[PDB]
Each structure stands twice: as structure tokens, then as C-alpha cells.
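Student: Quick one: the structure is below, questions incoming.
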Amino acid sequence: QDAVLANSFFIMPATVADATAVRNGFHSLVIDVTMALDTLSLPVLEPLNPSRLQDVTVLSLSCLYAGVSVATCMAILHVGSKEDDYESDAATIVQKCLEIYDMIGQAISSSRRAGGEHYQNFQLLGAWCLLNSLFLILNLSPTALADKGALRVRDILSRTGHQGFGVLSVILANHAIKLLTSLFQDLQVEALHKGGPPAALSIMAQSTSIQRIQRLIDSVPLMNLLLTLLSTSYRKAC
Amino acid sequence: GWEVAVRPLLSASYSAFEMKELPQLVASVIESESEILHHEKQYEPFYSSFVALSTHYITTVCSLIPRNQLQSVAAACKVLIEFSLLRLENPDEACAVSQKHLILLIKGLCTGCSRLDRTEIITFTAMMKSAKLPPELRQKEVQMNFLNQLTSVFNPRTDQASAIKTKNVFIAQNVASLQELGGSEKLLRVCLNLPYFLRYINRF
């Protein structure tokens with residue numbers, strides 16, 4: 001919630017010590033994510049009314065951020081340095097994180113009290129979170145971590161790739177690609193035959209297609225993030 | 001030449017394009033693109049029945065076409081949809097294609113299926129015959145399909161199902177062309193501009 005104020009994305013599990021502490025907090029976090037997923041499988045969010053709709057989006061973007069932060073912490077672990085048990089725990093956490101995002105998305109999409117622009121804006125916010133997470137995990141090095149011994153996409157932007165990126169990073173990345181594809185297909189037709197300020201980080205926020213995409217472009221050099229991810233993935237596969 | 005073109009056309013009238021003359025039909029339409037667009041000439045009957053059966057047989061051959069000739073057919077049908085939208089927006093008595101048939105030829109390209117019946121086809125062929133503008137060749141043909149493979153990098157973007165895929169690609173191409181032309185909106189205007197619909201519309 002502090003982040004929906006365009007305060008950059010600011011994952012916290014990042015200092016060598018903070019990542020140690022969160023690996024400590026990994027197992028108990030799985031317990032909470034699992035409980036939440038089991039609960040929200042029932043018609044808990046049936047009447048998606050703006051009011052409730054806000055909380056429904058809140059919880060979804062909440063696991064999204066929790067998962068991206070766990071991914072960034074695993075990135076610090078592999079870059080800076082029962083271990084297998086904790087690794088499995090964090091994998092399960094990120095998986096259920098994406099799963100809850102998808103569930104709330106489909107709920108807002110097929111709802112009769114939510115959807116359309118509301119669903120589009122939920123997709124926009126999810127894509128924002130995922131892309132910012134990808135950027136943070138990509139641009140962390142042993143050097144930076146050791147020097148630190150609360151990443152800011154804007155901090156890195158003003159300061160200005162390989163390592164940190166892993167299998168959980170692949171997951172968040174595929175999901176971000178799905179969401180970006182969706183927003184860009186929207187922008188096509190919108191500009192039917194070729195046919196404002198950046199979209200606010202809020203579900204009901206009203207914005208044009210170009211705007212949602214401008215907010216997703218003002219948060220990360222997008223071309224850069226994407227091509228960097230391509231290169232890194234290709235290299236790691238090789 | 002126009003004669004020889006209506007010619008592979010009626011040789012197909014004899015039977016489903018051998019797709020050996022298709023590479024000729026795509027050629028004709030692409031170049032005669034401007035002629036059909038806004039001729040506004042007594043040739044209306046001829047050019048229009050031309051456009052009609054041309055759409056018909058190109059729609060007949062979507063399941064299987066040479067990748068490159070696939071691209072060719074795609075371009076030809078984009079042109080066809082363009083002209084059909086034009087006619088629908090600009091209803092003309094001299095046009096020998098009814099808006100009902102016109103919309104069906106457009107849906108036909110979009111659905112990778114042609115609904116016209118044999119009798120309609122024969123009427124068209126009849127009108128065509130009655131209204132007819134009333135080695136090096138292969139070289140030029142390939143040079144052209146090449147200037148096309150060069151400037152335009154098509155993306156499939158996804159042997160028994162291959163034909164279906166080809167049809168799917170063709171269908172997507174038609175839809176894309178329609179959107180590029182903004183024909184969907186044009187069609188909307190046409191629908192809302194129906195003669196009998198207006199009455200109930202106002203009443204409602």
C-alpha cells in the first residue's frame with residue numbers, strides 16, 4: 001500500500017541480513033499464503049463492489065508483492081553467497097502468489113459488479129509490480145549487496161542485469177509478459193486505425209490505454225528491462 | 001489481358017482454382033487495385049461481378065495455398081474487404097453486388113468460408129461474361145511475390161491440420177485488414193443505417 005503512492009517499487013528483502021531474516025521468515029509465510037489461498041477459493045469475494053473490490057485488489061496485489069520480495073531475497077541469496085527446505089518453501093510461496101493474483105483477476109473479470117476498465121487496471125497494477133520486481137532482481141550484484149551490508153527502481157534509474165535472475169525469476173517474468181501482452185493488445189485496437197498523465201496505481205483509477213502503458217514505461221526502462229531479460233535468459237539456457 | 005484475367009477466373013468457373021492461375025489472380029487484383037477502388041465508370045457491372053466471384057474463389061482456397069501465395073491471397077482479400085466496405089458505405093445502383101451479398105463476402109473472408117450458393121455464383125459469372133469491361137510473365141509474377149516477401153515480414157503467429165492453420169492465418173489476416181480499414185466501424189454505421197431498422201430504432 002505504501003508503494004501505490006508511486007514511491008518506486010521498493011522490495012525490502014534485499015540487504016544480505018534482511019534476506020537471511022526473511023529465509024528465517026520463509027516457512028511461516030508459506031503457512032499464511034496457503035491459508036489465504038484456501039480461504040479465497042470459496043465465494044469469499046462474490047460481490048465485487050467498489051468498496052469490497054478495493055480490499056479484494058488489496059489482498060491480491062499483497063501476495064503479488066510478498067512473492068516478488070521473496071524472489072528478490074532468493075536472488076540476494078544466490079548473488080551474495082534445511083536450506084533446500086527453505087528453497088522449496090519460497091518456491092511454493094511465489095507459486096501461490098501468482099495463483100492468488102490470477103484468481104482475483106478472473107474474479108474481477110467475470111464479475112457483474114466489476115471488470116472492463118476495473119479489470120484492466122488490476123492487470124495494469126499487477127504488471128507494474130511484476131516488472132519492478134524483475135528490474136530489482138536483475139540489477140543486484142555481489143558488489144551492491146556487500147556495500148549495503150529497500151531497493152528503489154527510481155534509485156537505480158538515477159544511478160544509471162545478469163545474476164539474481166533464476167527459476168522463480170522466470171515465473172514472475174512469464175506472468176509479467178502475459179499482462180503486458182494484454183495491455184498492449186488493448187492499446188492496438190484502442191488506436192483503431194491509429195485511432196494524459198500516467199495511470200494512477202489504483203484499481204478504479206480511470207486512464208486511457210496509452211496511459212496505462214505510460215505508467216508501465218515510466219516505471220522501468222521497458223525496452224531495457226525486456227531486452228536484458230531476453231539476453232540473460234538466453235545466456236542461462238545456454 | 002483483362003480478358004485473360006477474367007479468364008483464369010472462369011477457368012476456375014469451370015472448377016476450383018487450380019491455384020496455378022491463382023498466382024495470376026492475386027496479381028491482377030493487386031495491380032488493378034486502384035482501378036476497382038474508384039473507377040466510378042459504366043464498367044461498374046464488370047468490375048463488381050469481378051470483385052464478387054474473386055472474393056468467392058479466394059475464399060474457396062484458404063485451406064491450402066503456397067505460404068507465399070498464402071501471403072498473396074491474404075493481400076488480395078484485404079483488398080477485397082476494402083472494396084466491399086467501400087461499396088457498403090457508398091450504396092450504388094450500378095454496383096451489381098447487393099449489400100447482403102457484400103456483407104457475406106466480408107464475413108466469408110473473416111470466417112474462412114464462402115456462403116454464396118452456386119446459383120448466386122452463376123448469376124455473377126453470367127453478369128461477368130455479359131459485363132466484361134463492357135516466361136516473362138512468370139518472371140514478373142515472382143519478382144512481385146518477392147518484393148512482397150522482402151518489404152513485408154509476415155508472422156505466422158500460429159499435414160491434416162495444416163490446412164486449418166492456413167485458414168486460421170487467412171482469417172486473422174482478413175480481420176486485421178478490416179481493423180486497419182476501420183471497416184468494423186463502417187459496418188456498424190451500415191447496420192444502424194438499415195432501411196427497415198431505422199423505424200424500430202427511432203420507436204425504441
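Note on naming: chains are A, B, ... as they come in the C-alpha cells, residues start from 1 per chain, ligands start from 1 in the order shown.
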Write out as a list in words which residues come within 12 Å of residue 116 in chain A when counting only C-alpha atoms, dropping same-chain ones fewer than 6 positions away.
Tutor: residues 105, 106, 107, 108, 109, 110, 122, 123, 186, 203, 204 and 206 of chain A
Student: Produce a file of the selected residues containing N, CA, C and O atoms, as a PDB file, in the first residue's frame.
Tutor:
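Result saved to again.pdb:
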```pdb
ATOM      1  N   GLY A 105      -7.831 -11.714 -10.386  1.00  0.00           N
ATOM      2  CA  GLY A 105      -8.004 -11.165 -11.745  1.00  0.00           C
ATOM      3  C   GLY A 105      -9.244 -11.731 -12.418  1.00  0.00           C
ATOM      4  O   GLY A 105     -10.089 -10.931 -12.866  1.00  0.00           O
ATOM      5  N   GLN A 106      -9.370 -13.060 -12.458  1.00  0.00           N
ATOM      6  CA  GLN A 106     -10.527 -13.700 -13.145  1.00  0.00           C
ATOM      7  C   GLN A 106     -11.819 -13.317 -12.413  1.00  0.00           C
ATOM      8  O   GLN A 106     -12.848 -13.152 -13.092  1.00  0.00           O
ATOM      9  N   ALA A 107     -11.765 -13.184 -11.083  1.00  0.00           N
ATOM     10  CA  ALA A 107     -12.960 -12.784 -10.303  1.00  0.00           C
ATOM     11  C   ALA A 107     -13.433 -11.401 -10.765  1.00  0.00           C
ATOM     12  O   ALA A 107     -14.638 -11.249 -11.044  1.00  0.00           O
ATOM     13  N   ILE A 108     -12.510 -10.439 -10.859  1.00  0.00           N
ATOM     14  CA  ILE A 108     -12.875  -9.055 -11.285  1.00  0.00           C
ATOM     15  C   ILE A 108     -13.332  -9.090 -12.746  1.00  0.00           C
ATOM     16  O   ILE A 108     -14.203  -8.278 -13.111  1.00  0.00           O
ATOM     17  N   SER A 109     -12.776 -10.005 -13.547  1.00  0.00           N
ATOM     18  CA  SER A 109     -13.104 -10.055 -14.998  1.00  0.00           C
ATOM     19  C   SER A 109     -14.522 -10.589 -15.239  1.00  0.00           C
ATOM     20  O   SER A 109     -15.240  -9.979 -16.056  1.00  0.00           O
ATOM     21  N   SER A 110     -14.898 -11.688 -14.583  1.00  0.00           N
ATOM     22  CA  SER A 110     -16.222 -12.313 -14.853  1.00  0.00           C
ATOM     23  C   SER A 110     -17.293 -11.761 -13.906  1.00  0.00           C
ATOM     24  O   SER A 110     -18.434 -12.257 -13.959  1.00  0.00           O
ATOM     25  N   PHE A 122      -6.583  -3.539 -12.729  1.00  0.00           N
ATOM     26  CA  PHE A 122      -5.975  -4.589 -11.871  1.00  0.00           C
ATOM     27  C   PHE A 122      -4.805  -5.200 -12.642  1.00  0.00           C
ATOM     28  O   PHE A 122      -3.694  -5.319 -12.074  1.00  0.00           O
ATOM     29  N   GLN A 123      -5.043  -5.538 -13.914  1.00  0.00           N
ATOM     30  CA  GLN A 123      -3.966  -6.112 -14.763  1.00  0.00           C
ATOM     31  C   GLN A 123      -2.797  -5.127 -14.791  1.00  0.00           C
ATOM     32  O   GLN A 123      -1.670  -5.571 -14.561  1.00  0.00           O
ATOM     33  N   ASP A 186      -4.669  -4.323 -25.935  1.00  0.00           N
ATOM     34  CA  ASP A 186      -5.668  -3.285 -25.733  1.00  0.00           C
ATOM     35  C   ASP A 186      -5.276  -2.041 -26.520  1.00  0.00           C
ATOM     36  O   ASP A 186      -6.042  -1.539 -27.360  1.00  0.00           O
ATOM     37  N   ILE A 203      -7.010   0.651  -8.402  1.00  0.00           N
ATOM     38  CA  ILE A 203      -7.882  -0.211  -9.209  1.00  0.00           C
ATOM     39  C   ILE A 203      -8.884   0.571 -10.028  1.00  0.00           C
ATOM     40  O   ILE A 203      -8.945   0.408 -11.229  1.00  0.00           O
ATOM     41  N   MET A 204      -9.654   1.448  -9.379  1.00  0.00           N
ATOM     42  CA  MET A 204     -10.722   2.193 -10.099  1.00  0.00           C
ATOM     43  C   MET A 204     -10.121   3.368 -10.882  1.00  0.00           C
ATOM     44  O   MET A 204     -10.897   4.081 -11.545  1.00  0.00           O
ATOM     45  N   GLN A 206      -9.099   5.852 -13.455  1.00  0.00           N
ATOM     46  CA  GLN A 206      -9.556   5.941 -14.868  1.00  0.00           C
ATOM     47  C   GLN A 206      -8.402   6.455 -15.737  1.00  0.00           C
ATOM     48  O   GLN A 206      -7.882   7.547 -15.435  1.00  0.00           O
TER      49      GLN A 206
END
```
Student: Can you tell me which residues surround residue 97 in chain B at a distance of at most 7 Å, considering only C-alpha atoms, apart from same-chain residues fewer than 5 positions away, and format the answer as a compact mmCIF listing (two decimals) with N, CA, C and O atoms, in the first residue's frame?
Tutor:
```txt
# COMPACT_ATOMS: atom_id res chain seq x y z
N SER B 48 -17.58 -5.03 -60.60
CA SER B 48 -18.27 -5.53 -59.38
C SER B 48 -18.46 -7.04 -59.40
O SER B 48 -18.24 -7.65 -58.37
N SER B 49 -18.92 -7.60 -60.50
CA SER B 49 -19.02 -9.08 -60.51
C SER B 49 -17.61 -9.65 -60.39
O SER B 49 -17.45 -10.75 -59.83
N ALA B 52 -16.88 -9.73 -56.91
CA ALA B 52 -17.69 -10.77 -56.24
C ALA B 52 -17.08 -12.16 -56.40
O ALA B 52 -16.74 -12.80 -55.38
N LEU B 102 -22.59 -8.45 -50.24
CA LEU B 102 -21.33 -7.76 -49.87
C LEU B 102 -20.95 -8.13 -48.43
O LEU B 102 -19.77 -8.46 -48.22
```
Student: So that I can see what lies close to residue 78 in chain B, please list as number ranges by chain the residues with an atom at most 10 Å from it, counting only C-alpha atoms and leaving out residues fewer than 5 positions away in the same chain.
Tutor: B: 30, 55, 72-73, 83-84, 106, 109, 170, 173-178, 180-181
Student: Would you mind exporting the chosen residues as a short mmCIF file (atom, residue, chain, number, x, y, z; two decimals), in the first residue's frame, restricted to C-alpha atoms?
Tutor:
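The resulting file, result36.cif, is shown below:
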```cif
data_model
loop_
_atom_site.label_atom_id
_atom_site.label_comp_id
_atom_site.auth_asym_id
_atom_site.auth_seq_id
_atom_site.Cartn_x
_atom_site.Cartn_y
_atom_site.Cartn_z
CA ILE B 30 -3.16 -6.20 -56.56
CA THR B 55 -13.71 -12.92 -53.28
CA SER B 72 -0.69 -13.27 -51.87
CA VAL B 73 -4.23 -14.42 -51.18
CA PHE B 83 -13.67 -2.61 -51.70
CA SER B 84 -16.68 -4.31 -50.09
CA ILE B 106 -16.74 -9.94 -45.98
CA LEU B 109 -13.14 -13.85 -45.75
CA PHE B 170 -6.04 -16.25 -43.59
CA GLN B 173 -5.28 -11.54 -41.86
CA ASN B 174 -8.75 -10.59 -43.04
CA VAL B 175 -9.72 -9.43 -39.57
CA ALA B 176 -6.55 -7.39 -39.28
CA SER B 177 -7.13 -5.73 -42.64
CA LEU B 178 -10.69 -4.91 -41.64
CA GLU B 180 -6.81 -1.37 -40.36
CA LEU B 181 -9.51 -0.12 -42.69
#
```
Student: Got a sec: who's within 7 Å of range 168-173 of chain A, counting only C-alpha atoms, leaving out chain neighbours fewer than 2 positions off, as an mmCIF file with C-alpha atoms, in the first residue's frame?
Tutor:
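File produced: part.cif:
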```cif
data_model
loop_
_atom_site.group_PDB
_atom_site.id
_atom_site.type_symbol
_atom_site.label_atom_id
_atom_site.label_comp_id
_atom_site.auth_asym_id
_atom_site.auth_seq_id
_atom_site.Cartn_x
_atom_site.Cartn_y
_atom_site.Cartn_z
ATOM 1 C CA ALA A 71 12.028 -13.821 -5.144
ATOM 2 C CA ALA A 91 9.149 -21.612 -4.447
ATOM 3 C CA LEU A 130 5.988 -7.752 -11.649
ATOM 4 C CA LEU A 134 12.123 -8.155 -12.402
ATOM 5 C CA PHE A 165 17.658 -13.965 -12.197
ATOM 6 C CA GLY A 166 16.659 -17.616 -11.585
ATOM 7 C CA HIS A 175 3.483 -13.557 -15.830
ATOM 8 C CA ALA A 176 4.570 -10.043 -16.496
ATOM 9 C CA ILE A 177 4.830 -10.853 -20.177
#
```
Student: Using backbone DSSP assignments, extract all helix (DSSP H, G or I) residues from range 163-213 of chain A; output them as a PyMOL selection string.
Tutor: chain A and resi 167-190+209-213
Student: Could the residues in this selection be saved with C-alpha atoms as a PDB file, in the first residue's frame?
Tutor:
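Result file is result-v5.pdb:
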```pdb
ATOM      1  CA  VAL A 167      13.680 -20.050 -11.933  1.00  0.00           C
ATOM      2  CA  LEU A 168      11.314 -18.035  -9.667  1.00  0.00           C
ATOM      3  CA  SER A 169      12.500 -15.024 -11.700  1.00  0.00           C
ATOM      4  CA  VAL A 170      11.407 -16.917 -14.792  1.00  0.00           C
ATOM      5  CA  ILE A 171       7.934 -17.237 -13.261  1.00  0.00           C
ATOM      6  CA  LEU A 172       7.349 -13.660 -12.353  1.00  0.00           C
ATOM      7  CA  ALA A 173       8.692 -12.801 -15.783  1.00  0.00           C
ATOM      8  CA  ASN A 174       6.369 -15.001 -17.766  1.00  0.00           C
ATOM      9  CA  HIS A 175       3.483 -13.557 -15.830  1.00  0.00           C
ATOM     10  CA  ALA A 176       4.570 -10.043 -16.496  1.00  0.00           C
ATOM     11  CA  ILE A 177       4.830 -10.853 -20.177  1.00  0.00           C
ATOM     12  CA  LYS A 178       1.246 -12.139 -20.182  1.00  0.00           C
ATOM     13  CA  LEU A 179      -0.007  -8.969 -18.530  1.00  0.00           C
ATOM     14  CA  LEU A 180       1.992  -6.714 -20.861  1.00  0.00           C
ATOM     15  CA  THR A 181       0.738  -8.566 -23.883  1.00  0.00           C
ATOM     16  CA  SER A 182      -2.748  -7.934 -22.674  1.00  0.00           C
ATOM     17  CA  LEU A 183      -2.299  -4.241 -22.101  1.00  0.00           C
ATOM     18  CA  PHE A 184      -0.583  -3.771 -25.482  1.00  0.00           C
ATOM     19  CA  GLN A 185      -3.293  -5.633 -27.380  1.00  0.00           C
ATOM     20  CA  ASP A 186      -5.668  -3.285 -25.733  1.00  0.00           C
ATOM     21  CA  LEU A 187      -3.620  -0.337 -26.983  1.00  0.00           C
ATOM     22  CA  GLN A 188      -3.762  -1.658 -30.503  1.00  0.00           C
ATOM     23  CA  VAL A 189      -7.497  -1.721 -31.096  1.00  0.00           C
ATOM     24  CA  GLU A 190      -7.945   1.375 -28.965  1.00  0.00           C
ATOM     25  CA  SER A 209      -4.733   2.604 -22.867  1.00  0.00           C
ATOM     26  CA  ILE A 210      -1.805   4.879 -23.652  1.00  0.00           C
ATOM     27  CA  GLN A 211      -1.840   5.819 -20.145  1.00  0.00           C
ATOM     28  CA  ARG A 212      -1.696   2.634 -18.518  1.00  0.00           C
ATOM     29  CA  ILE A 213       1.212   1.911 -20.741  1.00  0.00           C
TER      30      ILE A 213
END
```
Student: Using only C-alpha atoms, determine which residues lie at most 10 Å from range 145-151 of chain B, disregarding the query and same-chain residues fewer than 2 positions distant; provide the list as a list in words.
Tutor: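 These residues fall inside the cut-off: residues 23, 26, 27, 68, 69, 71, 72, 75, 140, 141, 142, 143, 153 and 154 of chain B.
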Student: Would you tabulate, counting only C-alpha atoms, all residues of chain A that have an atom at most 10 Å from an atom of chain B, showing the closest pair of atoms and their distance in Å to one decimal, sorted by chain then ascending number, as a tab-separated table?
Tutor:
```
residue	atom	partner	partner_atom	distance
A:188	CA	B:179	CA	9.9
A:189	CA	B:179	CA	7.8
A:191	CA	B:180	CA	9.9
A:192	CA	B:179	CA	6.6
A:193	CA	B:180	CA	4.9
A:194	CA	B:180	CA	8.2
A:195	CA	B:182	CA	9.2
```
Student: Just the residues within 12 Å of residue 59 in chain B, please, counting only C-alpha atoms, with nothing from its chain fewer than 4 positions along; format it as JSON, numbers by chain.
Tutor: {"B": [16, 17, 22, 52, 53, 54, 55, 63, 64, 65, 70, 73, 74, 76, 77, 78, 80, 81, 104, 105, 106, 107, 108, 109, 110, 111, 112, 113, 114, 115, 116, 166, 167, 170, 171, 174]}
Student: Save out the residues we just selected, C-alpha atoms, as a PDB file, in the first residue's frame.
Tutor:
```
ATOM      1  CA  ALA B  16     -11.918 -24.833 -58.151  1.00  0.00           C
ATOM      2  CA  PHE B  17      -8.956 -22.623 -58.928  1.00  0.00           C
ATOM      3  CA  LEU B  22      -4.373 -18.065 -58.524  1.00  0.00           C
ATOM      4  CA  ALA B  52     -17.686 -10.768 -56.244  1.00  0.00           C
ATOM      5  CA  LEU B  53     -16.505 -14.074 -57.705  1.00  0.00           C
ATOM      6  CA  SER B  54     -12.945 -13.059 -56.964  1.00  0.00           C
ATOM      7  CA  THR B  55     -13.714 -12.924 -53.283  1.00  0.00           C
ATOM      8  CA  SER B  63      -7.296 -24.298 -46.589  1.00  0.00           C
ATOM      9  CA  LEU B  64      -4.341 -24.722 -48.880  1.00  0.00           C
ATOM     10  CA  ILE B  65      -2.204 -22.086 -50.506  1.00  0.00           C
ATOM     11  CA  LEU B  70      -0.819 -17.564 -48.943  1.00  0.00           C
ATOM     12  CA  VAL B  73      -4.233 -14.422 -51.178  1.00  0.00           C
ATOM     13  CA  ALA B  74      -4.178 -12.558 -47.898  1.00  0.00           C
ATOM     14  CA  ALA B  76      -5.911  -9.935 -52.291  1.00  0.00           C
ATOM     15  CA  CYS B  77      -8.611 -10.469 -49.669  1.00  0.00           C
ATOM     16  CA  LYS B  78      -7.559  -7.415 -47.746  1.00  0.00           C
ATOM     17  CA  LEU B  80     -11.486  -7.296 -51.381  1.00  0.00           C
ATOM     18  CA  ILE B  81     -12.664  -6.375 -47.901  1.00  0.00           C
ATOM     19  CA  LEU B 104     -21.495 -12.089 -46.748  1.00  0.00           C
ATOM     20  CA  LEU B 105     -18.373 -11.902 -48.847  1.00  0.00           C
ATOM     21  CA  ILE B 106     -16.737  -9.937 -45.984  1.00  0.00           C
ATOM     22  CA  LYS B 107     -17.910 -12.489 -43.360  1.00  0.00           C
ATOM     23  CA  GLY B 108     -16.740 -15.198 -45.811  1.00  0.00           C
ATOM     24  CA  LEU B 109     -13.145 -13.848 -45.748  1.00  0.00           C
ATOM     25  CA  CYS B 110     -13.371 -13.374 -41.963  1.00  0.00           C
ATOM     26  CA  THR B 111     -14.813 -16.851 -41.466  1.00  0.00           C
ATOM     27  CA  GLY B 112     -12.557 -18.533 -43.998  1.00  0.00           C
ATOM     28  CA  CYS B 113     -15.756 -19.762 -45.622  1.00  0.00           C
ATOM     29  CA  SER B 114     -17.855 -18.549 -48.553  1.00  0.00           C
ATOM     30  CA  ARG B 115     -21.578 -18.699 -48.160  1.00  0.00           C
ATOM     31  CA  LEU B 116     -22.654 -17.831 -51.579  1.00  0.00           C
ATOM     32  CA  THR B 166      -3.603 -21.848 -43.091  1.00  0.00           C
ATOM     33  CA  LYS B 167      -7.283 -20.973 -42.937  1.00  0.00           C
ATOM     34  CA  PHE B 170      -6.040 -16.247 -43.585  1.00  0.00           C
ATOM     35  CA  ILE B 171      -8.923 -15.446 -41.261  1.00  0.00           C
ATOM     36  CA  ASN B 174      -8.753 -10.588 -43.040  1.00  0.00           C
TER      37      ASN B 174
END
```
Student: Compile the contact shell of residue 218 in chain A as a short mmCIF file (atom, residue, chain, number, x, y, z; two decimals) with N, CA and C atoms, in the first residue's frame: residues with an atom at most 12 Å away, counting only C-alpha atoms, same-chain residues fewer than 3 positions apart removed.
Tutor:
```cif
data_model
loop_
_atom_site.label_atom_id
_atom_site.label_comp_id
_atom_site.auth_asym_id
_atom_site.auth_seq_id
_atom_site.Cartn_x
_atom_site.Cartn_y
_atom_site.Cartn_z
N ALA A 6 3.24 5.58 -5.94
CA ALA A 6 4.30 5.80 -6.96
C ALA A 6 5.63 6.09 -6.25
N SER A 8 8.22 4.47 -6.24
CA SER A 8 9.04 3.43 -6.80
C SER A 8 8.55 2.11 -6.27
N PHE A 9 8.97 1.02 -6.86
CA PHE A 9 8.63 -0.25 -6.26
C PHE A 9 9.75 -0.27 -5.25
N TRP A 128 2.79 -3.73 -13.38
CA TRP A 128 3.73 -2.77 -12.74
C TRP A 128 4.55 -3.51 -11.68
N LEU A 131 7.04 -6.14 -13.19
CA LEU A 131 8.16 -5.53 -13.95
C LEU A 131 9.16 -4.91 -12.96
N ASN A 132 8.65 -4.21 -11.95
CA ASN A 132 9.56 -3.54 -10.99
C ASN A 132 10.36 -4.64 -10.27
N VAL A 153 13.55 1.28 -7.63
CA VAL A 153 13.70 1.31 -9.08
C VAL A 153 14.14 2.71 -9.51
N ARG A 154 13.60 3.74 -8.87
CA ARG A 154 14.00 5.13 -9.20
C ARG A 154 15.44 5.36 -8.75
N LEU A 157 17.51 3.88 -11.28
CA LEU A 157 17.35 4.67 -12.54
C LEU A 157 18.27 5.89 -12.49
N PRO A 197 -1.81 12.15 -18.09
CA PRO A 197 -0.80 11.76 -17.10
C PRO A 197 -0.76 10.24 -16.92
N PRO A 198 0.35 9.66 -16.42
CA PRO A 198 0.47 8.21 -16.27
C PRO A 198 -0.66 7.64 -15.39
N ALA A 199 -1.10 6.41 -15.69
CA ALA A 199 -2.22 5.80 -14.94
C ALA A 199 -1.87 5.74 -13.45
N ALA A 200 -2.80 6.17 -12.59
CA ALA A 200 -2.58 6.11 -11.12
C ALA A 200 -2.57 4.65 -10.66
N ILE A 210 -3.10 4.29 -23.59
CA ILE A 210 -1.80 4.88 -23.65
C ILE A 210 -1.42 5.20 -22.28
N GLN A 211 -2.30 5.41 -21.39
CA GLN A 211 -1.84 5.82 -20.14
C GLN A 211 -1.47 4.70 -19.30
N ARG A 212 -2.17 3.65 -19.36
CA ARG A 212 -1.70 2.63 -18.52
C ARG A 212 -0.34 2.34 -19.02
N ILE A 213 -0.13 2.39 -20.32
CA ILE A 213 1.21 1.91 -20.74
C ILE A 213 2.24 2.91 -20.43
N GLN A 214 1.91 4.16 -20.34
CA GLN A 214 2.88 5.13 -19.96
C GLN A 214 3.23 4.95 -18.55
N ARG A 215 2.33 4.62 -17.69
CA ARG A 215 2.83 4.37 -16.37
C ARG A 215 3.69 3.18 -16.44
N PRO A 221 12.91 1.39 -17.54
CA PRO A 221 13.13 1.47 -18.92
C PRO A 221 12.62 0.14 -19.42
N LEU A 222 11.47 0.11 -20.09
CA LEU A 222 10.87 -1.14 -20.50
C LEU A 222 11.67 -1.79 -21.57
N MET A 223 12.09 -1.07 -22.60
CA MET A 223 12.80 -1.77 -23.65
C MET A 223 13.97 -2.40 -22.97
#
```
Student: At what distance in Å, to one decimal, does CA of residue 40 in chain A lie from CA of residue 136 in chain A?
Tutor: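 CA of residue 40 in chain A lies 29.3 Å from CA of residue 136 in chain A.
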